[PDB]
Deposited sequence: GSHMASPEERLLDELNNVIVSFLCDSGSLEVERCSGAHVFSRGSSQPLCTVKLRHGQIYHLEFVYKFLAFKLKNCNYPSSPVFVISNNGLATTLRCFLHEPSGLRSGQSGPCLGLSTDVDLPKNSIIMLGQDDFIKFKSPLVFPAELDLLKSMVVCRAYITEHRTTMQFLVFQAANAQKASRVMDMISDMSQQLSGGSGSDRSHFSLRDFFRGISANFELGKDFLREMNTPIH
């Protein structure tokens, strides 16, 4: 299982590289049944940390892109759950009880409750908050700021955009040019081209996340 192992390696390392942007990230991986239909094996588990921001939409869509490139039919699922000792993010490569909560600006997350995030949940969250031209991940991205205290756990979902439109556009140019060089104009630039370019140089992904820094009003 080397082709499988390489893909699983890459998927885990997308999370490691892009879920945050600073500090020690506590990412645990673990069975030959991560891809198997009907399995409840997550790819990895991440302990969330008070005050940190997690780039859920970007990582989600990056994982979805790699899976479709490998002809894998399922789309990932993120599960945030609080067991009373800690809040974790579990990244499943497919859909795998306690109250299951939906996305909103402030999701109180008591013990034994979960939040499930899937393919269209980020667009549904953004849809009423941003104008149509800003709806795509390239312009507006959903993040999660963790609020974890002894007396309350709360997942705070925010939409971030670039404050500097010119610098954001310059990063897009670099990514587009990287995609064009791998395949050998701006009018065709797609989410696939975006992740193809970032796949070739992760630093371009870091550049994008760095510019997507301002919560919407």
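- Against the full deposited sequence, the model leaves out several stretches, namely 1-4, 35, 102-108, 197-200.
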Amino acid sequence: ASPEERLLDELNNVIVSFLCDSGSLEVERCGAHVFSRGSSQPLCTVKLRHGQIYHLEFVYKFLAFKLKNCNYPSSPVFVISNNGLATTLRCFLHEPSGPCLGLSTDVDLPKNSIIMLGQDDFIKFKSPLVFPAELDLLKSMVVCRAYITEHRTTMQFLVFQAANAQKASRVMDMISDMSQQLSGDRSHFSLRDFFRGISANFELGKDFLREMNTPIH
From here on, numbers count along this sequence of modelled residues.
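- The PDB entry reports B-factors from which the mean C-alpha value can be compared for 198-206 and 13-21; the larger average falls on 13-21.
- The mean Cα B-factor in the deposited entry runs higher for 102-110 than for the other of 102-110 and 117-125.
- The PDB entry assigns its highest CA temperature factor, among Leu56, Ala64, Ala32, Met155, to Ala32.
- Looking at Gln161, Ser36, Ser176, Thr45, the one whose CA carries the top B-factor in the deposited record is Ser36.
- Looking at the C-alpha B-factors along this chain, the one for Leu7 belongs to the middle third.
- When the CA B factors of the chain's modelled residues are split into thirds, the value for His94 lands in the highest one.
- For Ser140, the recorded CA B-factor ranks within the lowest third of the chain. Only modelled residues enter the ranking.
- Ranked by Cα temperature factor within the chain, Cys70 sits in the highest third according to the deposited record.
- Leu85: CA B factor in the highest third of modelled residues in this chain (values from the PDB entry).
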